[PDB]
Amino acid sequence: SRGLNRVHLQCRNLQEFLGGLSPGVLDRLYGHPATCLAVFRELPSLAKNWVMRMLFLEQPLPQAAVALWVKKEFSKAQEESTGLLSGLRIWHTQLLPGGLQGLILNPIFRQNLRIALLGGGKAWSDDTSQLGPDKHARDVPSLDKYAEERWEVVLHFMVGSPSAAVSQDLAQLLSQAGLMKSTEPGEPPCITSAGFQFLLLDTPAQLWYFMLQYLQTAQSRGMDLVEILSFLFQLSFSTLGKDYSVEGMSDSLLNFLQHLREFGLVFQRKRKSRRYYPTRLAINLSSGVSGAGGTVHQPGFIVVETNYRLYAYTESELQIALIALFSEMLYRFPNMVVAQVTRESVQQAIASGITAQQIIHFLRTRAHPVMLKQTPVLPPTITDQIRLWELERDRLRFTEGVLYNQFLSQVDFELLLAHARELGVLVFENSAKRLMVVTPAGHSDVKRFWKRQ
Amino acid sequence: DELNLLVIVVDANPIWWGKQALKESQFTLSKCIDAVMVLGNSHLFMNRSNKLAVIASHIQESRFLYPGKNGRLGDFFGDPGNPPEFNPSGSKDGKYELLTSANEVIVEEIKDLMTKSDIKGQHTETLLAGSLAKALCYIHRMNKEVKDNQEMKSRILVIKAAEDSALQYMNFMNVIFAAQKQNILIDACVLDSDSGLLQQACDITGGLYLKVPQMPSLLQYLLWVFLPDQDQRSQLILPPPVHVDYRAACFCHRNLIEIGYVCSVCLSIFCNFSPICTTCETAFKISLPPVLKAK
Amino acid sequence: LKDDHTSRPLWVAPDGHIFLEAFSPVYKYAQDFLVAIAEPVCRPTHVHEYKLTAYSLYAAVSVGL
Amino acid sequence: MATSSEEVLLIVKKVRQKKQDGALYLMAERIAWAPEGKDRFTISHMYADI
Amino acid sequence: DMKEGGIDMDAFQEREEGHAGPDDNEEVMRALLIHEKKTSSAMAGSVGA
Amino acid sequence: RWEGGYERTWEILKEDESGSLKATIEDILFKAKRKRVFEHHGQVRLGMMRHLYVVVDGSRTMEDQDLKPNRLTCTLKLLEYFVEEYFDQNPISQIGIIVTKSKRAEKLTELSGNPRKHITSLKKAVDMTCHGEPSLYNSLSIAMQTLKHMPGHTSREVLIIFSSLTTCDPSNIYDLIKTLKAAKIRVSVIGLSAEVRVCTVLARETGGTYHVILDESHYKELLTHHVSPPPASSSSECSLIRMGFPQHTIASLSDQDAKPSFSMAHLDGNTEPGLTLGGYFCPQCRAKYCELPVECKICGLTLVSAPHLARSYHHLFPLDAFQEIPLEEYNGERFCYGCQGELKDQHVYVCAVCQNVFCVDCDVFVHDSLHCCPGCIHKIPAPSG
Amino acid sequence: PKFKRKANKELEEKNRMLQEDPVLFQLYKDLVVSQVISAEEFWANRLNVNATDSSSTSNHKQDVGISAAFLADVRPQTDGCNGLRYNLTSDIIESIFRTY
Amino acid sequence: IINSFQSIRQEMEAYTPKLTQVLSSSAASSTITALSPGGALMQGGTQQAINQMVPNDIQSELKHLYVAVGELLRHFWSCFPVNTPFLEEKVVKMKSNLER
Ligand SMILES: [Zn+2]
Ligand SMILES: [Zn+2]
Ligand SMILES: [Zn+2]
Ligand SMILES: [Zn+2]
């Protein structure tokens, strides 16, 4: 993985991003709309059952009640939830409030935990975004086309803008997460190695990371306003606000609203005001970790006979610019016979990255054609040929460094090897010829240790 | 991704709950609805794609509190898995929108049941055996549709509050074996009345016969022990171990069977002191009563 | 999109060749291509990709239609 | 010798049999003409009916 | 995933409470004479007829 | 002269799209589905105890390519479901496994009521070689000698399942019919393909039935009918005394590991040692052992309790479904008594006692597990209370 | 190859079941020979499920049938020639007595 | 019933106040307290390995003989007052078991 492991699982990315935030921002995060998200995104039952324990108990409990609640045949699963206890960063171990090592949760989060489960009040039904009492009365299939257009524009920036001329700043945004790579001889950015896998599963889990990308700056942006705004589209459809958000807003709320609309999770009316309605893709974000859909017959079907892998053709306007972005295949006279002489076109794209797991994922999981009709394994004997093409780019290495030669003793060269290894500037060592490669970044420090020993 | 279901059997008895308030009690009939308000919300907090099912137990029938049998929740189901024709309340389930509507049906359905209790027919007690006969027919209808892709892991919750009546206790055992085929779990939550038939549903299927001491301490024994997830119940250990043991004795006889024999060839287990028939129209040879009567 | 039988055509090309059925040749479709191949030279019929069909030279000493 | 007819006879691969160069296996107490790389036996006999 | 799992085991049915017999030539003939000397008449069973 | 007919044959076979316009393959499907036969046979017996000796064929004919290329794994695998279902509805009764190979009848398992012993024993027969030459007189005469020790009060039927071989008569089985009748035993024969007339008369004189399996789905339905006892009534088999009524214990007080558990070494239950959590005990002997309804070794009788032992036999007794009534006015409450909602697609089933309307999901559960009607609790105990 | 022909005097009483099994014979010497119980108690409930099935294989002559259970195996047995064929351990010449 | 029905209609009576929440937490403290007394946890079965090596066959075979002889004693218990299946030979057998 090159930057997508934290996207498949949502409960792991939220705990990692929470550890590197400001203490004043985390205080405002502990609200009533955030209580239904730190538990629903989880999966194990042990990490979810401890939330109800800290709600009824008013006094801190020691660790003796925890080591006994596992009875005798359950402490093995207790160590798995130990690392997760520090991920949410909501508990606190005291000294001895009534026994030994008393565990207590932040009372700021405990107050808002009962509002969204048992107790209530009034401010919860007054603020917008989190509520917004408004029904839907607009053509639903007419708005589904705008949800696909928001994601199609992103595809143009990954290729090089073949026919788009919008002013959306989306090329630099995806470059921070390692998805888009800036072209060195030119100026339109291309795509990285991890960007190919995003155009395969087509899951709305990646759009959740794009919303928290602007918050990573930690300058003048708060999380309490983003968390209360992201809860709008999480309630599927029939969750609006008419014009209640217009009266209660500011300059910071309008900035995050324009960026979320361009992602493909919510649709906004003209003039960037009036009534807003979330898209259809936001339903799959709260359902599971992935999803499928978009076809009813699946006309595509590959070949499992030869080795050039005849890719599928004739589908829609999505697979036309998608295969050319992978490795730029070829086409003949009829209905665009793609991938017919794959021998040199694949090696052109592998020279800029080790894109080996994305081609196999696109060859095996493209529309589920062979695994439903046929029975044996989809790839024949190409699993070894693909690995051979990746090893061809390992025959050389373009890196700089300095070499030290002509020593005197053998036991003296072994001491110098530990100097470059601890600092992290050592690449390759040789005890038979007394040779060591040192990167130029730490060249001014290795020469000092040799003059003293 | 994953859905669950919890069938709560509430023993709404106006006779028992009507006399408990006289003994200076703070958990009466008005507070019994609060148990569903908490258990119904904590079940949806772990997963917003769950379903709620509450069945009452009245002295005349087993009225469905949620969904009701009227023209609102009878023909059209207000389940979260039906986006069409139900979305002003089934859209904001993540707080107090759909959860409040789930409890509102119980309050609306109980209106017709409380007013239809003139008690003019002397006393008939609560037909507790007829409550479980309706829960199996409801979990089987939803399982046939959800059997694809999903699995829907559910349980059965029983809350006992009174004794039985003149009903045949054999009908209470038919729902036990009919539930073992579907690999389901049956629970029991007694309050004051104790019976030996409800405990059998926890030993055959592998449930738990929990005894509730005081009434206000009810939210503790229905959230951790009676958890619909049933994933960590094997190593939970919270209620005290079962000490007493009640099973079944004779059918139509006033004695505790332990070595007795039936009437003849039927199934009415009686005693060993029977040379001929008893309450049937069969016969029996005299090749064994002369042997058993001697010693 | 209607029925499975009302599909898999021939895929005409501006050059002069078509792509018939070759995914599931089974026994029924294995005899339909025998007449189509009775006009050009014999392309690799028993394959899985696409069967090639033309019209040159051989359309004489083949069948009698 | 242990008076038990031990030592399995020599096994010879690829032997013709009327334009069929199959495989004749010589086991312990019976002969078996195994048809190439298979599990059954075409010509099945013993060390008695010969 | 998988890639060469292991064995299913599922072993059961065990006994072996001791030795199976130190001898079976001289002591066997000793017990045969005891059964023949004891059996001298008839009238056995559980009273049939 | 091959091309003279092969060229004209392809012209007709190519125009196969014209046959799809006619509704031939569609009109038959709707008419073949409405063919609902109704032959309700009163298969029920008051006798609760049953002794069965299932005969499993192990000849060379158990490898034919019929329902599957490996018939040997078709009978052994589906027999495990019959054993598990037998103890589910009749735990107090027990069965037996007797194989036949090499012209011999070797009895595998004994007469015990251990469900785990009979299921795990069938997996060992996979490596068993299939020689051939099955013998029916050998596997039937031995089963009668062991069954003779049982007292006369049960059906003591015998089940025989073979590969439907062409008359599996060793040497005149008709002479044995006059002997099997004196033992008051019954023989059940199940066929798989060809008809067997030499065993049809045996199943009629002794008392049983004869059916031939036609598909994989038909073999599971026939085993369900054999779960119920055979319908009969005799006079010389109606005497029994001393029934064992054990009680369930836990052999602990608060913790299982703090106590010496159950079924250990020094405990008298040395039949099935190991590490369990509880079991039964005889009320007249205080002998603790396995909780499986098996015959004890201190009294001489099986365990017939009441909660989940004798009730399973009575749970299968009410075998009845519901009737139907057509109408052309669309009326009848349309509110289900169990699941409220219906289907509203010409499906109206009423009861013969309380008259309740059910759907397609409730009627199946009645004839399969419920075995009665929920309305019989809110109507029948009503006037008596 | 060769074969073995058993030459030992056989019996018909129930004592043959204990002699053929040296493991089962050890139990008869610990209860009856050790004068701890009576000989009638051992042949009642302790040893009843084994002596019943073992009583059928004491006079079983290969196969009882002749029309189906044995006719399919009588073909390779009615070939009494020379060449190199030899008899087996079991009574192979008994089939001739039933036919001639 | 009508008096108690009025308190059910008002949903605000059991919405904001949580009187049963405080008393429910007190039962969880007494539950863990009662589970603490248990020093015999994971220690009551430390003599399960030596119990199958020291007796081996002396006590294992003697234990199985008590239930084997005792099985025929119950069958003979009912054969005394009937005076039809009784045998005078088994009288000495009963006295031999008591003295042993
Ligand atoms: Zn009767
Ligand atoms: Zn006993
Ligand atoms: Zn229904
Ligand atoms: Zn009814």
# chains A, B, ... in the order shown; residues from 1 in each chain; ligands from 1
$ closest_atom_pairs --of "chain F" --to "chain B" --cutoff "6 Å" --atoms "only C-alpha atoms" --output "JSON lines"
{"residue": "F:46", "atom": "CA", "partner": "B:266", "partner_atom": "CA", "distance": 5.3}
{"residue": "F:242", "atom": "CA", "partner": "B:259", "partner_atom": "CA", "distance": 5.6}
{"residue": "F:243", "atom": "CA", "partner": "B:259", "partner_atom": "CA", "distance": 5.1}
{"residue": "F:244", "atom": "CA", "partner": "B:259", "partner_atom": "CA", "distance": 5.6}
{"residue": "F:245", "atom": "CA", "partner": "B:258", "partner_atom": "CA", "distance": 4.9}
{"residue": "F:254", "atom": "CA", "partner": "B:241", "partner_atom": "CA", "distance": 5.8}
{"residue": "F:338", "atom": "CA", "partner": "B:134", "partner_atom": "CA", "distance": 4.6}
{"residue": "F:339", "atom": "CA", "partner": "B:138", "partner_atom": "CA", "distance": 4.5}
{"residue": "F:341", "atom": "CA", "partner": "B:75", "partner_atom": "CA", "distance": 6.0}
{"residue": "F:361", "atom": "CA", "partner": "B:141", "partner_atom": "CA", "distance": 5.2}
{"residue": "F:362", "atom": "CA", "partner": "B:137", "partner_atom": "CA", "distance": 5.7}
{"residue": "F:369", "atom": "CA", "partner": "B:178", "partner_atom": "CA", "distance": 4.5}
{"residue": "F:370", "atom": "CA", "partner": "B:178", "partner_atom": "CA", "distance": 5.3}
{"residue": "F:374", "atom": "CA", "partner": "B:133", "partner_atom": "CA", "distance": 5.3}
{"residue": "F:377", "atom": "CA", "partner": "B:130", "partner_atom": "CA", "distance": 5.7}
{"residue": "F:381", "atom": "CA", "partner": "B:167", "partner_atom": "CA", "distance": 5.2}
{"residue": "F:385", "atom": "CA", "partner": "B:166", "partner_atom": "CA", "distance": 5.2}
$ select_by_dssp --residues "chain E" --states "alpha helix (DSSP H)" --output "PyMOL selection string"
chain E and resi 26-38
$ interface_residues --of "chain F" --to "chain A" --cutoff "12 Å" --atoms "only C-alpha atoms" --output "number ranges by chain"
F: 255-258
$ write_last_selection --atoms "C-alpha atoms" --output "compact mmCIF listing (two decimals), in the first residue's frame"
# COMPACT_ATOMS: atom_id res chain seq x y z
CA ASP F 255 -17.29 -21.72 39.11
CA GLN F 256 -16.61 -24.72 36.88
CA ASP F 257 -12.81 -24.68 37.17
CA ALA F 258 -12.97 -24.26 40.96
$ residues_around --residues "segment 80-96 of chain G" --least-positions-apart "5" --cutoff "8 Å" --atoms "only C-alpha atoms" --output "list in words"
residues 47, 48, 49 and 50 of chain D; 2, 3, 4, 5, 6 and 74 of chain G
$ residues_near_ligand --ligand "ligand 4" --cutoff "12 Å" --atoms "only C-alpha atoms and all ligand atoms" --output "CSV table (one decimal) with N, CA, C and O atoms, in the first residue's frame"
chain,number,residue,atom,x,y,z
B,130,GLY,N,-49.2,-17.7,25.0
B,130,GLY,CA,-49.5,-17.2,23.6
B,130,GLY,C,-48.7,-16.1,23.1
B,130,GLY,O,-48.8,-15.7,22.0
B,133,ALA,N,-45.8,-17.6,20.8
B,133,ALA,CA,-46.3,-18.2,19.5
B,133,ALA,C,-46.4,-17.1,18.4
B,133,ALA,O,-46.4,-17.5,17.3
B,171,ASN,N,-48.7,-26.1,25.3
B,171,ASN,CA,-48.5,-25.1,24.2
B,171,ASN,C,-47.3,-24.2,24.4
B,171,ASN,O,-46.8,-23.7,23.5
F,318,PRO,N,-48.8,-33.6,16.6
F,318,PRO,CA,-49.8,-32.9,15.9
F,318,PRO,C,-49.3,-32.5,14.5
F,318,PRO,O,-48.9,-31.4,14.3
F,320,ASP,N,-50.4,-31.5,11.2
F,320,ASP,CA,-51.5,-31.0,10.4
F,320,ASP,C,-51.2,-29.6,9.9
F,320,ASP,O,-50.5,-28.9,10.6
F,321,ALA,N,-51.8,-29.3,8.8
F,321,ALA,CA,-51.6,-27.9,8.2
F,321,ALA,C,-52.8,-27.1,8.3
F,321,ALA,O,-53.6,-27.1,9.3
F,322,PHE,N,-53.1,-26.4,7.2
F,322,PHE,CA,-54.3,-25.6,7.1
F,322,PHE,C,-55.0,-25.8,5.8
F,322,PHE,O,-54.4,-26.3,4.8
F,323,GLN,N,-56.3,-25.3,5.7
F,323,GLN,CA,-57.1,-25.4,4.5
F,323,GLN,C,-57.1,-24.1,3.7
F,323,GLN,O,-56.4,-23.1,4.2
F,337,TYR,N,-52.3,-13.3,12.1
F,337,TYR,CA,-52.3,-13.5,13.5
F,337,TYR,C,-50.9,-13.5,14.1
F,337,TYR,O,-50.8,-13.4,15.4
F,338,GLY,N,-49.9,-13.8,13.3
F,338,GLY,CA,-48.6,-13.9,13.9
F,338,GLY,C,-47.6,-12.8,13.4
F,338,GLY,O,-46.9,-12.2,14.2
F,349,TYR,N,-55.3,-18.7,3.8
F,349,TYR,CA,-55.4,-20.0,4.6
F,349,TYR,C,-56.1,-19.7,5.9
F,349,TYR,O,-55.6,-18.9,6.7
F,350,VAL,N,-57.1,-20.5,6.2
F,350,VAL,CA,-57.9,-20.3,7.4
F,350,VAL,C,-57.7,-21.6,8.2
F,350,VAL,O,-57.2,-22.6,7.8
F,351,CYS,N,-58.0,-21.5,9.5
F,351,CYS,CA,-57.9,-22.6,10.5
F,351,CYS,C,-59.2,-23.3,10.7
F,351,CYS,O,-60.3,-22.7,10.4
F,352,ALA,N,-59.2,-24.5,11.1
F,352,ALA,CA,-60.4,-25.3,11.3
F,352,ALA,C,-60.9,-25.2,12.8
F,352,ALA,O,-61.9,-25.9,13.1
F,353,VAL,N,-60.2,-24.5,13.7
F,353,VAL,CA,-60.5,-24.4,15.1
F,353,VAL,C,-60.8,-22.9,15.4
F,353,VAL,O,-61.9,-22.6,15.9
F,354,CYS,N,-59.9,-22.0,15.2
F,354,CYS,CA,-60.0,-20.6,15.5
F,354,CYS,C,-60.2,-19.7,14.3
F,354,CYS,O,-60.5,-18.5,14.4
F,355,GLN,N,-60.0,-20.2,13.1
F,355,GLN,CA,-60.1,-19.5,11.8
F,355,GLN,C,-59.2,-18.3,11.8
F,355,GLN,O,-59.7,-17.1,12.0
F,356,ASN,N,-57.9,-18.4,11.5
F,356,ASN,CA,-57.0,-17.3,11.5
F,356,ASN,C,-56.3,-17.3,10.1
F,356,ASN,O,-56.1,-18.4,9.5
F,357,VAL,N,-56.0,-16.1,9.6
F,357,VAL,CA,-55.4,-15.9,8.3
F,357,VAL,C,-53.9,-15.8,8.4
F,357,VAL,O,-53.4,-15.1,9.2
F,358,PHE,N,-53.2,-16.6,7.6
F,358,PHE,CA,-51.8,-16.6,7.6
F,358,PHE,C,-51.2,-16.3,6.2
F,358,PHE,O,-52.0,-16.3,5.2
F,363,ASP,N,-47.4,-20.5,7.1
F,363,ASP,CA,-48.0,-21.8,6.9
F,363,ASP,C,-46.8,-22.8,6.8
F,363,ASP,O,-47.0,-24.0,7.2
F,366,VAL,N,-45.6,-23.8,10.3
F,366,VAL,CA,-46.5,-24.6,11.1
F,366,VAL,C,-46.2,-26.1,10.8
F,366,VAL,O,-46.0,-26.9,11.7
F,370,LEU,N,-43.7,-25.4,14.1
F,370,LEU,CA,-44.7,-25.0,15.0
F,370,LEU,C,-45.7,-26.1,15.4
F,370,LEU,O,-46.1,-26.2,16.6
F,371,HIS,N,-46.2,-26.9,14.4
F,371,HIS,CA,-47.0,-28.1,14.6
F,371,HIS,C,-48.3,-27.8,15.2
F,371,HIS,O,-49.0,-28.8,15.6
F,372,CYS,N,-48.8,-26.6,15.3
F,372,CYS,CA,-50.1,-26.3,15.9
F,372,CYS,C,-50.5,-24.9,15.3
F,372,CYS,O,-50.1,-24.5,14.2
F,373,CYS,N,-51.3,-24.2,16.1
F,373,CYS,CA,-51.8,-22.9,15.7
F,373,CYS,C,-51.7,-21.9,16.9
F,373,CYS,O,-52.1,-22.3,18.0
F,374,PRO,N,-51.2,-20.7,16.7
F,374,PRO,CA,-51.2,-19.7,17.8
F,374,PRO,C,-52.5,-19.3,18.3
F,374,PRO,O,-52.6,-18.9,19.5
F,375,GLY,N,-53.6,-19.4,17.5
F,375,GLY,CA,-54.9,-19.0,18.0
F,375,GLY,C,-55.6,-20.0,18.9
F,375,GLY,O,-56.6,-19.7,19.4
F,376,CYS,N,-54.9,-21.2,19.1
F,376,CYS,CA,-55.5,-22.2,20.0
F,376,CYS,C,-55.2,-21.9,21.5
F,376,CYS,O,-55.6,-22.7,22.3
F,377,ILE,N,-54.6,-20.8,21.8
F,377,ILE,CA,-54.3,-20.4,23.1
F,377,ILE,C,-55.2,-19.3,23.6
F,377,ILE,O,-55.5,-19.1,24.8
F,378,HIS,N,-55.6,-18.5,22.6
F,378,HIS,CA,-56.5,-17.4,22.9
F,378,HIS,C,-58.0,-17.7,22.5
F,378,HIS,O,-58.7,-16.7,22.0
F,379,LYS,N,-58.4,-18.9,22.6
F,379,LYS,CA,-59.7,-19.3,22.1
F,379,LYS,C,-60.2,-20.5,22.9
F,379,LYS,O,-61.4,-20.6,23.3
F,380,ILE,N,-59.3,-21.5,23.0
F,380,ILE,CA,-59.7,-22.8,23.6
F,380,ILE,C,-59.6,-22.7,25.1
F,380,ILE,O,-60.5,-23.2,25.8
F,381,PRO,N,-58.5,-22.2,25.7
F,381,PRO,CA,-58.5,-22.0,27.1
F,381,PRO,C,-59.3,-20.9,27.6
F,381,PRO,O,-59.4,-20.6,28.8
$ residues_near_ligand --ligand "ligand 2" --cutoff "12 Å" --atoms "only C-alpha atoms and all ligand atoms" --output "PyMOL selection string"
(chain B and resi 258-259) or (chain F and resi 242-246+268-269+280-289+294-303) or (chain H and resi 67-68+70-75)
$ interface_residues --of "chain E" --to "chain H" --cutoff "8 Å" --atoms "only C-alpha atoms" --output "PyMOL selection string"
chain E and resi 17-18+46-47
$ interface_residues --of "chain B" --to "chain A" --cutoff "9 Å" --atoms "only C-alpha atoms" --output "PyMOL selection string"
chain B and resi 1-2+37-38+41-42+45-49+87-96+220+223-224+229+231-232+235-238
$ write_last_selection --atoms "N, CA, C and O atoms" --output "short mmCIF file (atom, residue, chain, number, x, y, z; two decimals), in the first residue's frame"
data_model
loop_
_atom_site.label_atom_id
_atom_site.label_comp_id
_atom_site.auth_asym_id
_atom_site.auth_seq_id
_atom_site.Cartn_x
_atom_site.Cartn_y
_atom_site.Cartn_z
N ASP B 1 -24.61 -3.28 5.86
CA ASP B 1 -23.48 -4.13 6.19
C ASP B 1 -23.92 -5.28 7.10
O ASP B 1 -23.63 -6.44 6.82
N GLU B 2 -24.63 -4.94 8.17
CA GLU B 2 -25.11 -5.94 9.12
C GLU B 2 -26.31 -5.37 9.86
O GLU B 2 -26.29 -4.21 10.29
N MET B 37 -37.78 2.44 26.06
CA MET B 37 -37.19 3.69 25.58
C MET B 37 -35.67 3.66 25.66
O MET B 37 -35.00 4.27 24.82
N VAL B 38 -35.12 2.97 26.65
CA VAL B 38 -33.67 2.87 26.79
C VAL B 38 -33.10 1.71 25.99
O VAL B 38 -32.10 1.87 25.27
N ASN B 41 -33.18 2.36 22.24
CA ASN B 41 -32.22 3.35 21.76
C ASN B 41 -30.79 2.83 21.82
O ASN B 41 -29.99 3.13 20.92
N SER B 42 -30.45 2.06 22.85
CA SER B 42 -29.11 1.50 22.94
C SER B 42 -28.87 0.43 21.87
O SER B 42 -27.72 0.20 21.48
N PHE B 45 -28.01 2.41 18.77
CA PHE B 45 -26.78 3.19 18.88
C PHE B 45 -25.58 2.41 18.37
O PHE B 45 -24.65 2.99 17.79
N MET B 46 -25.57 1.09 18.57
CA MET B 46 -24.47 0.27 18.07
C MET B 46 -24.54 0.10 16.56
O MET B 46 -23.50 -0.06 15.91
N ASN B 47 -25.74 0.14 15.98
CA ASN B 47 -25.91 -0.01 14.54
C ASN B 47 -27.22 0.65 14.16
O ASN B 47 -28.28 0.23 14.63
N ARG B 48 -27.16 1.68 13.30
CA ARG B 48 -28.35 2.41 12.90
C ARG B 48 -29.20 1.65 11.89
O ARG B 48 -30.29 2.12 11.55
N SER B 49 -28.75 0.49 11.42
CA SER B 49 -29.49 -0.33 10.47
C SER B 49 -30.19 -1.51 11.14
O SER B 49 -30.32 -2.58 10.54
N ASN B 87 -40.17 8.53 5.06
CA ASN B 87 -38.91 9.26 5.13
C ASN B 87 -38.95 10.61 5.86
O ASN B 87 -37.90 11.26 5.96
N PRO B 88 -40.09 11.10 6.38
CA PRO B 88 -39.99 12.25 7.30
C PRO B 88 -39.38 11.89 8.64
O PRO B 88 -38.77 12.75 9.28
N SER B 89 -39.54 10.65 9.09
CA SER B 89 -39.00 10.18 10.36
C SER B 89 -37.93 9.11 10.21
O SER B 89 -37.06 8.99 11.07
N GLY B 90 -37.97 8.33 9.13
CA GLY B 90 -36.99 7.29 8.91
C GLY B 90 -35.76 7.77 8.17
O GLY B 90 -35.14 7.00 7.42
N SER B 91 -35.39 9.03 8.37
CA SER B 91 -34.22 9.61 7.72
C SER B 91 -33.16 10.09 8.71
O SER B 91 -31.98 10.09 8.37
N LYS B 92 -33.57 10.50 9.91
CA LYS B 92 -32.62 10.98 10.91
C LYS B 92 -32.56 10.02 12.09
O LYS B 92 -32.67 10.43 13.25
N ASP B 93 -32.37 8.73 11.80
CA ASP B 93 -32.31 7.71 12.84
C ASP B 93 -31.12 7.88 13.78
O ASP B 93 -31.11 7.27 14.85
N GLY B 94 -30.14 8.70 13.41
CA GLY B 94 -28.94 8.87 14.21
C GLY B 94 -29.12 9.67 15.48
O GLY B 94 -28.11 10.04 16.10
N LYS B 95 -30.35 9.96 15.90
CA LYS B 95 -30.56 10.71 17.14
C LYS B 95 -31.93 10.38 17.74
O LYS B 95 -32.15 9.26 18.20
N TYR B 96 -32.84 11.35 17.74
CA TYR B 96 -34.14 11.21 18.37
C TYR B 96 -35.30 11.36 17.39
O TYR B 96 -36.40 11.76 17.80
N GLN B 220 -29.64 -2.32 34.14
CA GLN B 220 -28.33 -2.95 34.19
C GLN B 220 -28.35 -4.38 33.67
O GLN B 220 -27.39 -4.83 33.04
N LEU B 223 -28.94 -4.59 29.35
CA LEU B 223 -28.02 -4.01 28.38
C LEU B 223 -26.77 -4.83 28.16
O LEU B 223 -26.38 -5.07 27.02
N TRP B 224 -26.12 -5.29 29.24
CA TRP B 224 -24.91 -6.09 29.12
C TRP B 224 -25.22 -7.58 29.05
O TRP B 224 -24.68 -8.29 28.19
N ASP B 229 -26.21 -8.67 20.65
CA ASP B 229 -25.03 -9.08 19.90
C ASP B 229 -24.64 -10.52 20.19
O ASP B 229 -24.07 -11.19 19.32
N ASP B 231 -22.29 -11.99 21.32
CA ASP B 231 -20.95 -12.37 20.89
C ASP B 231 -20.01 -12.66 22.06
O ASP B 231 -19.15 -13.54 21.94
N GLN B 232 -20.16 -11.96 23.18
CA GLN B 232 -19.31 -12.15 24.35
C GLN B 232 -20.09 -12.64 25.56
O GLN B 232 -19.66 -12.43 26.70
N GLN B 235 -18.35 -15.57 27.91
CA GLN B 235 -17.34 -15.20 28.89
C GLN B 235 -17.71 -13.90 29.61
O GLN B 235 -16.84 -13.17 30.07
N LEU B 236 -19.01 -13.61 29.70
CA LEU B 236 -19.46 -12.40 30.37
C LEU B 236 -19.46 -12.57 31.89
O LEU B 236 -18.70 -11.91 32.60
N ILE B 237 -20.31 -13.47 32.39
CA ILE B 237 -20.41 -13.79 33.81
C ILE B 237 -20.75 -12.54 34.62
O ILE B 237 -19.86 -11.84 35.12
N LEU B 238 -22.05 -12.25 34.74
CA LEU B 238 -22.52 -11.13 35.54
C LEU B 238 -23.65 -11.54 36.48
O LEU B 238 -23.58 -11.23 37.68
#
$ interface_residues --of "chain D" --to "chain G" --cutoff "12 Å" --atoms "only C-alpha atoms" --output "list in words"
residues 3, 4, 5, 6, 7, 8, 9, 27, 28, 29, 30, 31, 45, 46, 47, 48, 49 and 50 of chain D
$ atom_distance --atom1 "atom CA of residue 121 of chain A" --atom2 "atom CA of residue 54 of chain A"
20.7 Å
$ closest_residue --among "H:100, H:90, H:95, H:64" --to "chain F" --atoms "only C-alpha atoms"
H:64
$ closest_residue --among "F:223, F:364, F:267, F:359" --to "ligand 3" --atoms "only C-alpha atoms and all ligand atoms"
F:359
$ select_by_dssp --residues "segment 120-186 of chain B" --states "strand (DSSP E)" --output "number ranges by chain"
B: 153-158
$ atom_distance --atom1 "atom CA of residue 392 of chain A" --atom2 "atom CA of residue 310 of chain A"
23.4 Å
$ interface_residues --of "chain A" --to "chain C" --cutoff "7 Å" --atoms "only C-alpha atoms" --output "number ranges by chain"
A: 297, 303, 305, 333-335
$ residues_around --residues "residue 42 of chain F" --least-positions-apart "4" --cutoff "10 Å" --atoms "only C-alpha atoms" --output "PyMOL selection string"
chain F and resi 230-231+319
$ atom_distance --atom1 "atom CA of residue 453 of chain A" --atom2 "atom CA of residue 412 of chain A"
8.5 Å
